[PDB]
Structure formats: structure tokens, C-alpha cells
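Asks: Protein chains in written order, with the deposited numbering: chain G, 257 to 304; chain E, 8 to 471; chain F, 8 to 475; chain D, 8 to 475. Below are the C-alpha cells for one structure; questions will follow.
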Amino acid sequence: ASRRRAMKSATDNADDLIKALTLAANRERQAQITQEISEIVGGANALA
Amino acid sequence: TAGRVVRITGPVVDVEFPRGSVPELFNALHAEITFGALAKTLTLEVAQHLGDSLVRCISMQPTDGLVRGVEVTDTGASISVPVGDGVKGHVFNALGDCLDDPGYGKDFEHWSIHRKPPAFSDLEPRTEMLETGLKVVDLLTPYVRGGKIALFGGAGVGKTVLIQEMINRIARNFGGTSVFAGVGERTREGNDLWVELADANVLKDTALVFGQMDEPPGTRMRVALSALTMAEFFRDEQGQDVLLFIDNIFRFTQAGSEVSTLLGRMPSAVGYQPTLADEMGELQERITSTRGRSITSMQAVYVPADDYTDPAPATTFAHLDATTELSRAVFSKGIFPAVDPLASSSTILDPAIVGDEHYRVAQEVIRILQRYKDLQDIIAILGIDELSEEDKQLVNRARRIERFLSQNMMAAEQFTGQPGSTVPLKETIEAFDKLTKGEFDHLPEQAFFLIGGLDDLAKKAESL
Amino acid sequence: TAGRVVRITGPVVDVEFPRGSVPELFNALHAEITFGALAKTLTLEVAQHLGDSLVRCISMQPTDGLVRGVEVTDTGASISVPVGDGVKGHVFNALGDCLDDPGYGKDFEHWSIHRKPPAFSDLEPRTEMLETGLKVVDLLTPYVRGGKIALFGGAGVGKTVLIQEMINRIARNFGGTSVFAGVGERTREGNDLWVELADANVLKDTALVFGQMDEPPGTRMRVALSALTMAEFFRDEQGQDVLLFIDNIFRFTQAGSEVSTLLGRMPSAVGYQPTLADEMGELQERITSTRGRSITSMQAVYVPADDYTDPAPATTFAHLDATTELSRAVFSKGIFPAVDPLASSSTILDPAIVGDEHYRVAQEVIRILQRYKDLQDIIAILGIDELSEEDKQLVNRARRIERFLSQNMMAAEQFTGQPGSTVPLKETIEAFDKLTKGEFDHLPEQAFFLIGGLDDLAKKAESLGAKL
Amino acid sequence: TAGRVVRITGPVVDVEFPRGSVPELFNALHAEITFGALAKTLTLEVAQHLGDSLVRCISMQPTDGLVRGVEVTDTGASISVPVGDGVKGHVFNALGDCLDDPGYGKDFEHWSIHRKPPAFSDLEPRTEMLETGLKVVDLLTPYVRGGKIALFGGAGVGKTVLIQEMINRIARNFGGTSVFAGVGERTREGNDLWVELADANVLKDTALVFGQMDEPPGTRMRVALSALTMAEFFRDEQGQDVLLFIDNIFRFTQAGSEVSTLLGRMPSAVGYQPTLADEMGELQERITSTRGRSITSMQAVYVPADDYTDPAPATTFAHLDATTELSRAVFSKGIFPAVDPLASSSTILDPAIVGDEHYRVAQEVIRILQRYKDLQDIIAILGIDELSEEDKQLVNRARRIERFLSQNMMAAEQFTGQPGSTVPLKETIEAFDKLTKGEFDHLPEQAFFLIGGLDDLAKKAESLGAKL
Ligand SMILES: Nc1ncnc2c1ncn2[C@@H]1O[C@H](COP(=O)(O)OP(=O)(O)OP(=O)(O)O)[C@@H](O)[C@H]1O
Ligand SMILES: Nc1ncnc2c1ncn2[C@@H]1O[C@H](COP(=O)(O)OP(=O)(O)O)[C@@H](O)[C@H]1O
Ligand SMILES: Nc1ncnc2c1ncn2[C@@H]1O[C@H](COP(=O)(O)OP(=O)(O)O)[C@@H](O)[C@H]1O
Ligand SMILES: [Mg+2]
Ligand SMILES: [Mg+2]
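Structural data, given as C-alpha cells:
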């Protein structure tokens, strides 16, 4: 019984961890796109 | 007083006009490509006044074969689409040209696709429910009359059949009409939809406006406004209730981003156009209820990288009133429409809007279905034997509830000859209240497939 | 010999002068805004020589209402602020105008707010603990008297409360003078500090200079220089021991970034000004103690978006002898001060200076906390029940240690009504030695939360039913 | 008819010529730096025609000391390098000058370093294994004779050690000519390679062309072309097999991107030049075997920041027949060569060429290692006891397999102090077939670390107390 409870708790903890990690990964992905565009447009403006 | 092309860079064309003849922003201009292979009339939309009598315009067609110095004619108005009852049953592109019958509708009344939303006073302060007649939609995810509905669902989930069902219900129950806006429409899928609507005999109640995948970004940006203009004429002038379908709204956003990039504007966060919120708001605010008539919109939404915080879905959901998710799992069970009662939601499923009885019944149904979903994994792995007696009772009740959310739809008649049903909202509320309380658990499961209200349930139980 | 405004772009103004009368860099020019509600006298600071007798200047006041072509006069000198004993007990803005008593200080000696830092031959490293009574600070990040301390933190993690705590602990029992620099922070916070210093009788020894959030970026990037000029007068011209409090220096960096954008400079990484390290270094190198002349400076450093990799705090780090990094994670645990013990550091936490016992206890505490941090990965999923017996013991010890590093602060009473406590350094070392040895493993965790020394621990443990 | 320097900005020089005397693109121009300390002759490669008789050129030598308006002479031709058997045994730079014997080869036939690649009709796919004696390479990344081999990896993972190992194993007994192109690498490594080749007596058969990382961008751009021109001459004129070693080819792309913005080109993604793929394609497509004419080329490709998705290595991948991909993770485990067996690939690793048994054993090894990679996280968190019995057995097998793919290389004796070993391909196949069947599960995994064949395995197991 306690193993069932502990594994339910660990599965919920893994759910929360995956959610938080996915949010962090999406934030990092958006930030990377923004920074790449920033560098590209900065270079383009410098050339202009 | 005619202009001449000075610069051509892909779809972006610079045109010079005399001093007193500079067209207003968003005016439609006509140039000519005379090269035999690619001959056509080119539509340009004024995007910027560069000064020195130069305007920067977006070509609505490919500029391949265009020459510097050719004449450009100002039409004196923005892109104008034909309106009236005559647009029903026909396919148009973003410029108003009829595709199934070139030249058709050229004599109709023409309305500019750039219009403001209803004045602040003209709006209805009270949100109203759109009683569709479908049990699942009415109960769990009620639609807002004049609001926006997001539609999510893969292939083979009845999405097209659901669209046909909604067209049927708006045409018959409300005496309204439908406008379909295919933004970034695949040509094969557009042809499929045209043929299917003709076969379902609902094309007469629908106006199709396609801005296809293989057109420059300008048409894909303006097709939504064109379809919305047709719907606005039906609402304000014909005094009808309109249903506007947009597939895909994200492609409207992406075409806006592409146009913004083509015009040299610096991209905003995540590379979208700086005015993403402004454009989405200008589109969405025109969909509303004004003066007793409404445009209700069901919009297919694509979520990039499944990231709901992405700027495009983040901006789109600022205007969405309800969500309907179509599930492969539900469809495989034979439950039509294959709505996911747990993933789907509505913003007006609150006691203050739909009343306390409806809220309580819907909440109880959701609770029972969620518990059944929790037990699904146990049932799959260890079988139903390991379940408790209360668990078995709840599983049976939840199976009957989830099967009573199915309905014999109007658009499903052409597949299964049986005609569709329209369950009144109060009838659905009381029926699902009884189901939750446990007043039908003795009846067999098969009796709950694809029926209307309680009368149909009784008849199907007797037939078994 | 007067100039004329030719271009206006927000707080930046281009002024054309007759050939041969172009003002020198950093000269203070004056222009007039005459429109009724916004009528004022703009002080501009020459920032660039654009050529063709044009100069680009930064306006200290907002430029709303300024008209092209109005004459601009050159003062012939840079911005100057009043200095002397008379500035103590008074509130000044970036330009030296007294706010509590307008017109005050006009007769004082006036010093340019731009000057070079002390000569390298005059610099002598400072290695002397400045005891505070805060367990975490004294143990893990001892502050240096006459050195530079910084408080890094994200939004709302406790930088200002800790600055008030250090004003309470250090400035009150201070022989010399204090200078506070409100740099781009809340105006009502400046008002609260003014009133609190008046109540505590410390105001008579303190000079307050305020350029707050509702200021143009030029003022927000020059007010620090003005306050530092007053502190430098006290250090050099009077041999007084000076306390310098800056809150917030990231606001100086951010104002510099805004100005750089307005000056047409090419953006650097993350959109910051290319001369970020240069400006930061000039300002910081002016803030120092020289041989025989002590400035104990303490600076709050905002961390944008809780991103400690941001260029502004990242560049700030190098200019410090002691760094207290405040963590959102620690703050969420309710631990105050929300100090990240692993990330924070002190340059004098070495055995030669603080002694072998202090150093050994600090290193043991850090080792336990680092092991706990490493185990976080397993723990988040599985609790502590899957760890070895040694790891379980270490994790319980680490929880107790991290709770005990918290403290009931003097400046926290206004939030909790609980009076603060001061812990002697020897008691702190002894307590954490015992705690690392496992002598308090039997006490409940909450007994260690927001208390003073071992006596408070005993009383709280008793109150919870446990016995020490 | 001579031009004059108009603009100088780092390695890029603008030169104005009289109308009708504008040099053709890629022509070599000469300018004089007369300043005594840095006096020299700059070679400039015409990169662009700017209109109005101005050309933008890339300097091959540092432009420090260059003066505006100095005469610029057009050689009327591209950069050309000596070709022929004479270049064997000698060290050159990108410009063709001999470094060990200055003035040598000036009278040889000279070939332009710019050349079109072979016609498509002359290309024949190569499918013939080139046995090396390295277990991992021969089993999972079989090299192709006359094909293109690459060694990918981040900084300091063993690319150069593996290049030297392959020199030892392949060029030591090669019956043809060897060309080593040091593209933008350490000068110390170049000197070490020169000395090693002289000692091994392989230098007599090798032509070395060096452009180091201290050279300006133009030299690093053109050194690969120079060495490739020597190789092309040996392929097309002498009609003998050629070994082409390039280290590091990424430096060509990096140097190209260093001048891209100075040449006026808007940057592409990740800061690279817009023409990355096209320039790389031209250069790489010149590095090929043609029907009846063999060039076995081996390139070291640096992966910036270990990011295999970076556009440079990603674009390079399409040009290779075999790719040994070195991993930082494998390196940090002490496994050498730090080959990632799950990420490397060979075009001839299929049953048709290598044979049924080789392909079967390779696929089984890859499957076991993939399953182990999947189970790594579970073992790290929940431990190995919670795995199924077959999964535990597979984990033991996979650990032994990953250790056994390690090998003591000759080129690594300077690091491990242990002499290298050579394993025949058949022995490798038999040993890994035994491993995948569990025939060595009773031996400690430490017995499989940095050894040769099964004899070395038996010896090490005896040394550790085991026996097969
Ligand atoms: N020692 C403390 N005890 C209790 N509460 C505290 C303590 N320190 C800070 N707080 C709480 O945290 C709030 C924020 O603290 P503080 O204003 O010092 O943060 P900050 O880092 O300067 O913030 P900001 O970025 O907004 O300027 C305080 O108003 C108080 O609510
Ligand atoms: N109520 C229903 N009765 C019978 N068949 C249905 C019903 N709903 C959906 N289907 C079947 O499911 C398929 C769904 O495909 P389609 O209508 O294109 O929607 P989607 O775009 O989600 O695939 C259709 O081919 C249709 O035959
Ligand atoms: N086979 C090996 N055995 C032991 N150490 C090695 C081996 N290969 C590389 N190393 C270590 O890794 C370092 C990096 O190798 P090298 O190839 O020179 O760098 P890179 O991979 O960047 O070219 C070597 O100097 C050596 O110390
Ligand atoms: Mg604060
Ligand atoms: Mg190397």
C-alpha cells in the first residue's frame, strides 16, 4: 500500500517536473528566436 | 493621373504617382503583366507613403513578369468584395473574384474589407448563450452568441462533419447563414470542402472565401477580412445571424508576420510582427453581436510547438470564448461529435450566465467523467475485476453518460440515413441530471448511442 | 556665443554652436522651456561632439515643451553639487538643489560631479571584518570595513529591507558621516527613509541624494555621481569615515542603456550600451577607500527577470569585496534574509583573516548545503526516503542549517511586529559548529526559523515541545 | 594601370583602379607596407567589384602599417601555388612560399588555387573499406578508400589525436602521395606534426601546407584551397593515389564568416555568412575521387560549442562518406577515442559491402547502446535494482561494450604513457559478437578499458583477478 502511495506521489512529482521543464524550454526557445532575430537585424541595420 | 512601377522586389512594388494623385493607404491599384505566358492583372495594396510621391504596395499576385514603368491605375478604394445573398453557394478568393464561376458577382454591391468594429454604445453589455441543440456543446461547453470558439482536432475526427453540422444548425434553427474563410487553404482541401458541401446540400447556405497556400502573403492576410466583410453585410444589412468559420487563424497571423517582414519592419518578440495584437484585435473585434444580430465564429487554431504561451496563440486566446477539442479516442468509440468533454471548455459555464442548475449538472458530469478517466488506466492494465464495487458502479454510470453525450447529427444523415435531433437546453440539463443521479444505469449501454432527448432514450430502450 | 537647439529626440538634444564656442564634453548647458504648465530651465550635459559645431547633450529634466532654435547657454563647467558639512541632514536632487529647503547650499563650495578615480598608488586592499549581527552575513559573506558590499536580487526579494537593516546595524553606531543615493527607485521609499532617519536621529549625520524612477534617464544616470561626489568630499577633504548606500545601481546601468539608445549608439548584447563596463568601472572605481581614508559602500543591485547572467549585474560583480546574492528560491521558502549561501561570497572569508575556526565552520556549512543542493534532483521526485543513511542525516542537517541561517531582522519588525535580534560572531560560529556536528538533529526544523542565537533556539524548541 | 588603396578596415581593403584596368575577381594584387618594423608585401585577393572602378579585396597578411593611396599592382591572375613531385617533403603556406626552405619551388609549375570541381559525369561512388585497426572505427564507422571521411567534435575531444592516429595507420604504408592541410590550427601542432613526419620517414611522401589560427582571415580562407590544389594536381596529373588530411576544415568557414560583414553582406542565422553553404559546397566538391583517380580525404570538423545543430557542421555533414562523431560526454567518461557510436555513420556499413556478420554485429552493438542510453536516467534516479532482469543483463553488457570500444592508440601514448594497439577487423567482429552474446559478462568491466583485442582482454582480466 505504501509503495502504491509513494509511486503515485512520484508520478505526480514527475508530472509537475515535466510541466515546469516544458515551460522553461518554451521560454528558452522563444528567447533564442528573439536573440537570433536581434543579432540578424542588428547586423542588417549596421550594414544599412 | 496614373502611376508607374519604379521598384519591384518580390511581392513588394514601389509605385510613383503625380503630386495630386497619391492613393490613400490600403487603396487597390491595378497594374498589368503582359508577358504572354504569365499575363494577368496585378492587384497592389498601398501599404506605405514613402514620400516624394512614392507608395509602397504589396502585390496580391506573384509579380513574376512585371516591368518597371508600366502604368498603375488607382481604383479609388480599398479591396472591395461583393456582398448580398448572391455570394451564397459560390467560392471567392480574397479579392472578391468568384473562383467557381469567373466574373460572377461582379455586378453585386461591393463593400470595402476594412471596416471598424461596432461603436462602443452599439455593443451588447450582456453575454448571451448560443443554444446550438447539441447535447455535449450545450451542456459542457456552451457557445457564446457573437463570441469566438476555438476548434482543435486532428484528421478523421469529424471536424468537417462538425462544421457541416454547425452550418445546418445555424441555417435551420436560427434562419442564419454561414461564411467559411479558408486562410492559407490547401487547394486540395478547398476543393474537397467545396465538393462535400455541394454533396451535403449545404453549399447554398454557405459562402466560401479561399486564400490559398500558394498565394503571396497579402491575400492570406486579407482573406479573413474579406469573409468577415461578407458576414458583416449578412448581419447588419440582411439582419441575419451569421456563423463565420476561419481555418486557420494562425495562418492569418503568420501571413501578417510575413507581410511585416516584407515591408522591412523590425520583428517583435519571437519574430512576429510588432502590431500582432493590433491586427488580431482589429480582426476579432468585428466578430460580435450588435443590434440584436450576431456573428459567431468557430476558428481553427494552430499552436506553434504546442506552446500556448507563444505570442500567436497567446494573442488569439485573448479573444476566444470557448474551446472544443476533438479527440481520436472519443471518435474511435463511435461517439459523434467526437468532442473531448474534459479537454474542452467554455468561459460562460458559470452560474451567473447559465444558471445554477445547468452549472451543477455540468459539474457533476465533468466530475464523473474525470473519475472514470482516472480509473481507465487501472481498467486497461489490471482489468475491471480489481475495481471496487463503487468504482464499478461509477464506471457504468460514466460509460452511459459519455455515450449519451453522443448525438445523431444533422450532417450525419448522409452517412447514417437517420435524421438528426435538436435537444432543448432544459431537456438536456434534466436528462443529464437524471443520468448523473443514477436513474438509467439499468438500461443497456448500446441504448445511449446517437439519440436526442429522453423520449428517444425511452424508445431505443424499448427497441432493445 | 550662444547655441541653438537643432534636434530634440526625447531626453537627448542636439545643439549647434558658433564655430570656436563649442562646449567641452560634460559641460552643463542651459535652455528654457516657456510653455505654461511645463515651463522650466533645462540643464543639458554635453555628451558627444557630432561635428560641424553640433553637440549631442543629455537633458537632466524632461524635454517636453522644448522648441527648436531656442538659445542654449554654456556654463563653462560641468554639473557641480554642493559639498561640506552643510549637506548633512538635507535631501538633494541630482543637480544639488535642496528639496527639504530650496535654496539651501547655494553658498557652499561646489564640486564637479566628474573626476578621475584615486591613483593606483593610493589604493590599499581592505581586509577587516565589519560585524553586522546577521548570522548568514557574518558567517558566510563577512562584510569588509572600508570595502565594497553589494546586495544582488530580483524583484521583491528583499534588497531594500536589507539595506535598511544595514543602515540600522552599521550607520547608527557610526562615528563618521553617511551618504545615501536613491538611484531610480520608489520615491515613496525615499520619503520613508527620510522620515525614518529623522525619527532615529541618524539624519543629522546623513546626506540624501535622490533621483528616482520618475526622472529622465540622464538624471537617473548622474545622481549616483552627485552622491559619490559628496562622499568623495567627505573622504578626501575631512578624513571622515564615510558610509555610502546606493539603491539601486542597476538603475544607473539601465539609465545609461536608455541614453545610449537615444544617442544613436549601436546596441550591445541584450540591447545594452556598448560602454557598459566602461561606465560601470568609472563609477565604481570612484567608490573606494584609499590609504588612510575609508569609504564603506553598500549597493543594492537589481537583477532583471531574475537572470543573474544579465550583463549589468554580471559586470557589477567584479567591483566588489563582498557579494550577498538574494535568491527567489530562498525567498519562497520564507527565509529572511533570502541569501543564497552557495552563490554569495566574501573576499575576506579565508583562514588568514577570519581565523581557522570561522573558516572551517563556514566551509563545512557550505559543503553540507552544496550536498543538499546536489541531492535536490533525487529529492524532488522521491522524497528523502530513497537516500542512504548518511544522505538522510546530511539532508536533515542541511534543512536545519538553511532555516537557522534565516533571522528576525531589525528592519523586518514593520512587517511582522517581531523585534529583531543581533547575534555575536563568536556565538554564530559556535552555533553553526554545533549544528554541523549534529548536536541539534533532534530539534524540529521550525525551531531554527527566524531566531537569534542559541538561547532563542532553546526557547523556541521548548515552545514547540522539543527539548535541547 | 596600377590601383591605389582607398579604404583600409582590418583585413578588407578597397582599391581604386583606372577605368578599364579593374582586376578580375579573385585576382592577386600586391601592395607594399614600407614601415620598417612591419615592412612586407601584402597579397590582396579581389573579392568584389564595387562599381566606379573600386574593388574590395581580402588581405592575406595583416594590414597594419598599410597607408591609403599606396600603389596596388595587379598580377593578372589568381593566387597560384607550386605543383609537382617537388612539393613533397616540404612545408608551404597558403601563398605557396616554402617555409623550411624559403625560395624553394619558385621555378615549379604553378596552379591557380581556384578551380571548378570535377564534372558530374566523372564521379563514381566509392564502396571499399579502408581498414584502420581501430575497433570502433572499423566496426561502426568503416572508412572508405577513395571516399570522404570526417572527424566531428567539439574543442578538445580528440580530433587531432585521431587525425595523427590515422596518419600513423594509413599514410605510414601508403603507396601514393599525402597532402596535409593545416587550416587555422595551432602552430605548435604544426611543428609537432612536421617533426613526427620527419621522424617516421613519411615526410618524404607528404606535402604540408599550413595556415595557422594567427593568420588573418584571408590566409585561413585560402590555405585549404592551396593544399587542395596540390592534391588535385597529384590526382589529375601524376595519376597516383592521394591522401588528403585537413585539420580543421571548419576554420575555412569561420574565416569566411569573419570578413562577411566587412565585405558588406547581411549576416545569416547564427552569425554565419549568407554564402556558407555555397562556399563550403565548392570547396568540398573539389575534394573528391574521380573515376580511376583516388583521393582518400580525412577532415577534422570542429563543432562549435559541441552544438551539432550549428549550421557549419550541419552543412558539412552532407559532403561526407563516413563521419566519426566525437562526443564531449564520451570524453568526460575517459573513453578514448571519444566516439559516439550512436551518432557516427558510414555509407558502406550495410550487408552488401561489409558482409552479413559485420553488419549484424554492428547493428546489435548499436541497439544495445541505444537501450543503455534509454535506461541511463532510470538507473540514475531509481537505481539499477528496479530494472527488469533482461534490462540488468543488457546494462552490464552495454557497459562492457562501451568500455571495449575504447582503445589504446599509438598517437595517445604521449598522454596515457601506454603503447598503442592494432586490432584486425575480423578479431573486432568476433570479440563484439562474443560481447553481444554475453560471453564476457563474468569479467570486470574495468578489464575492457583501453586495450586491444581479446588477448589484451585476457591479460587485463588476469591482472584484475578474472579469467576468460
Ligand atoms: N526580513 C524580512 N522579513 C519579512 N518580510 C520581508 C523581509 N524582507 C523583505 N520582506 C518582504 O519582502 C518585500 C520586498 O522587500 P524589499 O522591498 O526589501 O525588496 P527589493 O528586492 O528591494 O524589491 P524591489 O525589486 O521591488 O525594489 C517587503 O515589502 C516585505 O514584504
Ligand atoms: N456522425 C457521424 N456519422 C458517421 N460518420 C462520421 C460521423 N462523424 C464523422 N464521421 C466520419 O469520420 C470522418 C471524419 O473526416 P472529416 O469529416 O474530414 O473530419 P476530419 O477533418 O476531422 O477528418 C468522415 O470521413 C466521416 O465518414
Ligand atoms: N586517445 C586518447 N587517449 C588519451 N587522451 C586523449 C586521447 N585523445 C585525446 N586525448 C586528450 O584530449 C586532448 C584533445 O585532443 P585533440 O585532438 O588535440 O583536441 P581536438 O579534439 O580539439 O582536436 C589531447 O590533448 C589529449 O590530452
Ligand atoms: Mg527595493
Ligand atoms: Mg585539434
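Backbone N, C-alpha and C define an ideal beta-carbon position, used for all residues, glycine too.
Grab me the residues of D/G271's own chain with a C-beta within less than 8 Å of its C-beta, minus the 5 sequence neighbours each way, in chain order.
Replies: As a working note, residue 271 of chain D is residue 264 in the fourth sequence. Cβ neighbours of D/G271 beyond the five flanking positions: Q55 and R63.
Asks: Quick check on DSSP: helix, strand or coil for E/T297?
Replies: Within the second sequence, the letter at position 290 stands for residue 297 of chain E. Reduced to three states, the DSSP call for E/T297 is strand.
Asks: Run the CB neighbour count on F/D317, radius 10 Å, all protein chains shown included, and call it buried at 16 or more, exposed below.
Replies: Start at 1 with the first residue of the third sequence, and residue 317 of chain F comes out as number 310. When all chains shown are included, F/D317 counts as buried.
Asks: Ignore the nearest five residues each way along the sequence and tell me which others in D/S128's own chain have a CB closer than 6 Å to its CB.
Replies: In the fourth sequence, the residue the question calls residue 128 of chain D occupies position 121. Excluding residues within five positions, none has a Cβ falling inside 6 Å.
Asks: Determine whether the Cβ of G/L303 lies closer than 8 Å to any Cβ atom of chain D.
Replies: Here residue 303 of chain G corresponds to residue number 47 of the first sequence, with the count starting at 1. Yes, its Cβ sits closer than 8 Å to a Cβ of chain D.
Asks: So E/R298 and E/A262 are supposed to be a Cβ contact under 8 Å. How far apart are they, rounded?
Replies: Taking the first residue of the second sequence as 1, we reach residue 298 of chain E at position 291. Taking the first residue of the second sequence as 1, we reach residue 262 of chain E at position 255. Not quite, the Cβ-Cβ distance comes to about 31 Å (not below 8 Å), so this is no contact.
Asks: Can you name the residues of chain E whose CB is closer than 7 Å to the CB of G/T290?
Replies: As a position in the first sequence, residue 290 of chain G is number 34, starting the count at 1. Chain E residues near G/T290: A276 and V277.
Asks: For the segment 365-431 of chain D, which segments carrying the alpha helix (DSSP H) assignment without a break, of at least 4 residues, lie completely within its bounds, in sequence order?
Replies: Correct list: 396-412 and 420-423.
Asks: Cα-Cα, which of E/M220, E/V151 and E/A214 is closest to E/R133?
Replies: Stepping through the second sequence from its first residue, residue 133 of chain E is reached at position 126. That would be E/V151, whose Cα lies nearest to the Cα of E/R133.
Asks: State the Cα-Cα distance for the pair E/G154 and E/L250, rounded to the nearest angstrom.
Replies: Residue numbering aside, residue 154 of chain E sits at position 147 when the second sequence is read from its first letter. Residue numbering aside, residue 250 of chain E sits at position 243 when the second sequence is read from its first letter. Each residue's Cα considered, the two are about 10 Å apart.
Asks: Any chance you could list the beta strand (DSSP E) runs of at least 3 consecutive residues sitting entirely within the segment 321-356 of chain F, in chain order?
Replies: List check, beta strand (DSSP E) in window: 329-332.
Asks: Is F/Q306 helix, strand or coil when you go by DSSP?
Replies: Counting from one through the third sequence, the residue named residue 306 of chain F turns up at place 299. Strand, per DSSP.
Asks: Check D/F217 in the structure and name its three-state DSSP category.
Replies: Within the fourth sequence, the letter at position 210 stands for residue 217 of chain D. If DSSP states are grouped into helix, strand and coil, D/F217 belongs with the strands.
Asks: What do you reckon, are the CB atoms on F/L232 and F/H121 nearer than 8 Å?
Replies: The sequence position of residue 232 of chain F within the third sequence is 225, counting from 1. The sequence position of residue 121 of chain F within the third sequence is 114, counting from 1. Their beta carbons are under 8 Å apart, which means F/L232 touches F/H121 by this criterion.
Asks: Could you check where the beta strand (DSSP E) with E/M136 kicks off and where it finishes?
Replies: As a working note, residue 136 of chain E is residue 129 in the second sequence. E135 to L137 is the extent of the beta strand (DSSP E) around E/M136.
Asks: Tell me which residue opens and which closes the beta strand (DSSP E) that F/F252 is part of.
Replies: As a first step, residue 252 of chain F must be located in the third sequence, where it is residue number 245. F/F252 -> beta strand (DSSP E) spans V249 to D254.
Asks: Return helix, strand or coil for G/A266, following the three-state DSSP convention.
Replies: Residue mapping note: residue 266 of chain G aligns to position 10 of the first sequence, counting from 1. Note: G/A266 maps to helix in three-state DSSP.
Asks: Using DSSP bridges, identify the partner residues of D/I15.
Replies: Within the fourth sequence, residue 15 of chain D is the residue found at index 8, counting from 1. DSSP, once it has assigned bridges, lists D/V20 as partnering D/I15.
Asks: In this structure, how does DSSP classify D/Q55 when only helix, strand and coil are distinguished?
Replies: Within the fourth sequence, numbered from 1, the residue matching residue 55 of chain D stands at position 48. Here D/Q55 sits in strand by DSSP.
Asks: Just to confirm my understanding: we take E/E332, look at its own chain, exclude 5 residues before and 5 after, and list those with CB closer than 6 Å. What are they?
Replies: Within the second sequence, the letter at position 325 stands for residue 332 of chain E. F159, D347, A350 and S351, listed in sequence order.
Asks: Name the chain G residues whose beta carbon is nearer than 7 Å to that of F/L389?
Replies: The count along the third sequence starts at 1 and reaches residue 389 of chain F at position 382. Those within 7 Å of F/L389 in chain G are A266.
Asks: Name, in chain order, the residues that DSSP records as bridge partners for E/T184.
Replies: Start at 1 with the first residue of the second sequence, and residue 184 of chain E comes out as number 177. DSSP lists E/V249 as partners of E/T184.
Asks: With a threshold of 16 other CB atoms inside 10 Å of the CB of E/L45, please say whether the residue is buried or exposed.
Replies: For the purposes of this step, residue 45 of chain E is taken as residue 38 along the second sequence, with counting starting at 1. Exposed, because fewer than 16 other Cβ atoms sit within 10 Å of the Cβ of E/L45.
Asks: CB of E/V346 to nearest heavy atom of ligand 2: below 7 Å?
Replies: Stepping through the second sequence from its first residue, residue 346 of chain E is reached at position 339. No, the Cβ of E/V346 stays beyond 7 Å of every heavy atom of ligand 2.
Asks: Measuring only the C-alpha atoms, how far is F/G140 from F/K166?
Replies: Counted from its first residue, the third sequence places residue 140 of chain F at position 133. Counted from its first residue, the third sequence places residue 166 of chain F at position 159. Approximately 17 Å, taken between the alpha carbons.
Asks: Can you confirm whether F/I256, when its beta carbon is compared against all beta carbons of chain D, has any partner nearer than 8 Å?
Replies: Taking the third sequence and counting its residues from 1, one reaches residue 256 of chain F at position 249. Output row for F/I256: interface = no.
Asks: Report the residue from D/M173, D/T354 and D/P223 whose alpha carbon sits nearest the alpha carbon of D/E265.
Replies: The sequence position of residue 265 of chain D within the fourth sequence is 258, counting from 1. Nearest of D/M173, D/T354 and D/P223 to D/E265, Cα basis: D/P223.
Asks: What distance in whole Å lies between the Cβ atoms of F/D254 and F/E172, which are believed to be in contact at a cut-off of 8 Å?
Replies: Start at 1 with the first residue of the third sequence, and residue 172 of chain F comes out as number 165. Start at 1 with the first residue of the third sequence, and residue 254 of chain F comes out as number 247. Not a contact, Cβ separation roughly 12 Å.
Asks: So which of E/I170, E/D71 and E/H365 has the shortest CA-CA distance to E/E434?
Replies: Here residue 434 of chain E refers to the residue found at position 427 of the second sequence. Closest option to E/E434, Cα to Cα, is E/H365.
Asks: Report all residues from its chain with a CB closer than 7 Å to the CB of D/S267; omit the five preceding and five following residues, and keep chain order.
Replies: The residue you call residue 267 of chain D lines up with position 260 of the fourth sequence. Cβ neighbours of D/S267 beyond the five flanking positions: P274 and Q280.
Asks: Kindly indicate if chain D contains any beta-carbon less than 8 Å away from that of F/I385.
Replies: The residue you call residue 385 of chain F lines up with position 378 of the third sequence. Taking Cβ atoms only, chain D reaches closer than 8 Å to F/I385, which makes this a yes.
Asks: Return helix, strand or coil for E/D199, following the three-state DSSP convention.
Replies: On the second sequence, position 192 is the one that residue 199 of chain E refers to. In this structure, E/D199 counts as helix in the three-state DSSP scheme.
Asks: E/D314 versus chain G: which residues are under 8 Å apart at the beta carbon?
Replies: The residue you call residue 314 of chain E lines up with position 307 of the second sequence. Near E/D314 (Cβ distances below 8 Å), the residues of chain G are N282, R285 and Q286.
Asks: Step through the CB atoms of chain F and report whether any lies within less than 8 Å of the CB of G/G298.
Replies: The residue given as residue 298 of chain G occupies position 42 in the first sequence. It does; some Cβ of chain F falls within 8 Å.
Asks: Should G/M263 go down as buried or exposed, given a rule of 16 or more other Cβ atoms within 10 Å for buried?
Replies: Counting from one through the first sequence, the residue named residue 263 of chain G turns up at place 7. Flag for G/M263 reads exposed.
Asks: Would you say the beta carbon of F/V164 comes nearer than 7 Å to a heavy atom of ligand 7?
Replies: With respect to ligand 7, the structure shown offers nothing to examine, as its ligands consist of ligand 1, ligand 2, ligand 3, ligand 4 and ligand 5.
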